[PDB]
Structure formats: C-alpha cells, structure tokens
*Asks:* 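Attaching a single structure in structure tokens format; questions to follow.
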Amino acid sequence: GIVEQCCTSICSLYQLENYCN
Amino acid sequence: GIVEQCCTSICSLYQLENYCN
Amino acid sequence: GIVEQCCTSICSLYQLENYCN
Amino acid sequence: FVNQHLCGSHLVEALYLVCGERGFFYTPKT
Amino acid sequence: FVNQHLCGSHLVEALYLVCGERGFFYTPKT
Amino acid sequence: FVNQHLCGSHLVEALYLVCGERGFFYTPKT
Ligand SMILES: [Zn+2]
C-alpha cells in the first residue's frame, strides 16, 4: 500500500492526498 | 546497549523506560 | 556537495555553517 | 511538487502537512 | 504498545515521549 | 562538537539549528 510504496520506491503528494479524510 | 538494540533489532517502550531518570 | 557528503560519509557543524546566509 | 522517498515517521509528517485540518488515516501493511 | 525500530534522532524523540518530565539519559556505545 | 551522519530531512533540521536567524540555502546535487 501507500506506506510501503513511499518507502520502497517513491510517491507523490497527490498520491498521499488520497489518505486524507 | 539500548541505542544499538533499538536500531539493529527492535525494542519496546518498556525497555526504553529504564533510561528515564 | 554537502548534502551528499553528510549522508554518504560524515560532516561537521563547521562545514554546515558555510551554507548559512 | 516533487516525488518523495518517505519511510517511518517521515511519512506521517508528510500526511500531516498534506492533509492539515482534514486529518488522515495511516494504514500500514501487516 | 508495539515494538519499535528506532535509529538516530528518532530514538531520542521516543525517549522524550516515554520519559516526559522525568527526563532521561542517552548513552550510545562508542 | 562531534561529526554527523545526516540524511534527508535531518540535514535540514541541522542547518536550521546551526544557522538560526541567518537562514541558509539547501542545495542538493541533481
Ligand atoms: Zn529519519
């Protein structure tokens, strides 16, 4: 998931925004 | 010691509490 | 540069001070 | 914005900044 | 609580939170 | 003072502390 992707690879702020309430 | 154990392995909050004054 | 040196090797606070304005 | 490499607590700091008053869910794989 | 993997400054942040007003000693091996 | 091993955001935290009100430039290689 996002936690793993950001750490093993890279992620964007736009991808992170999907986890906001 | 604790500094090394927490970083090379894992440690618990209960182990950390032993370093409080 | 400094960003790379501090992370791949080590750096001193005196080296860092050169990046202050 | 630029892409990010974020592990551990750094990811949570990023979520806090992106989401602000909206809040967020932190859901690691187990 | 859960087990932790804590390196560098992250360990000191954890000690600060666990110990609060008690304070703590940070004693790395040299 | 002691030598430092500083990566990612930890380097910027260090620059902030060393430079204070002087400010600083953060200039990674690309
Ligand atoms: Zn870190």
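Each ligand, and each atom within it, is numbered from 1 in the order the structure gives. Below, chain A is the first sequence line, B the second, and so on; all start at residue 1. Side-chain atoms are counted along with the backbone in the values below, which use heavy atoms only and exclude waters and symmetry mates.
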*Asks:* Supply the atom-to-atom distance D:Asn3 CG to A:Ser9 OG, rounded to the nearest 0.5 angstrom.
*Replies:* 8.5 Å
*Asks:* Hydrophobic clustering (ILVMFWY, side-chain heavy atoms < 4.5 Å, transitive) - are B:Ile2 and B:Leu13 grouped together?
*Replies:* yes
*Asks:* What protein N, O or S atoms come within a distance below 2.8 Å of the Zn ion (ligand 1), ordered by chain and number?
*Replies:* D:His10 NE2, E:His10 NE2, F:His10 NE2
*Asks:* Is the closest side-chain heavy-atom distance between F:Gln4 and F:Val2 below 4.5 Å?
*Replies:* yes
*Asks:* Can you give me every donor-acceptor pair (side chain of residues 5-20 of chain F, partner residue at least two apart or in another chain, under 3.5 Å) with its distance?
*Replies:*
{"from": "F:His5", "atom 1": "NE2", "to": "C:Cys7", "atom 2": "O", "distance (Å)": "2.7"}
{"from": "F:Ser9", "atom 1": "OG", "to": "D:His10", "atom 2": "ND1", "distance (Å)": "3.4"}
{"from": "F:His10", "atom 1": "ND1", "to": "E:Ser9", "atom 2": "OG", "distance (Å)": "3.4"}
{"from": "F:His10", "atom 1": "NE2", "to": "D:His10", "atom 2": "NE2", "distance (Å)": "3.2"}
{"from": "F:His10", "atom 1": "NE2", "to": "E:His10", "atom 2": "NE2", "distance (Å)": "3.2"}

*Asks:* Output all residues satisfying side chain to side chain donor-acceptor pair (under 3.5 Å) with B:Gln15, sequence neighbours left out; order by chain, then residue number.
*Replies:* B:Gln5
*Asks:* For residues 21-30 of chain D, tabulate all N or O donor-acceptor pairs below 3.5 Å that involve a side-chain atom, not counting sequence neighbours.
*Replies:*
{"from": "D:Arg22", "atom 1": "NE", "to": "A:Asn21", "atom 2": "O", "distance (Å)": "3.3"}
{"from": "D:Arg22", "atom 1": "NH1", "to": "A:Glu17", "atom 2": "OE2", "distance (Å)": "3.3"}

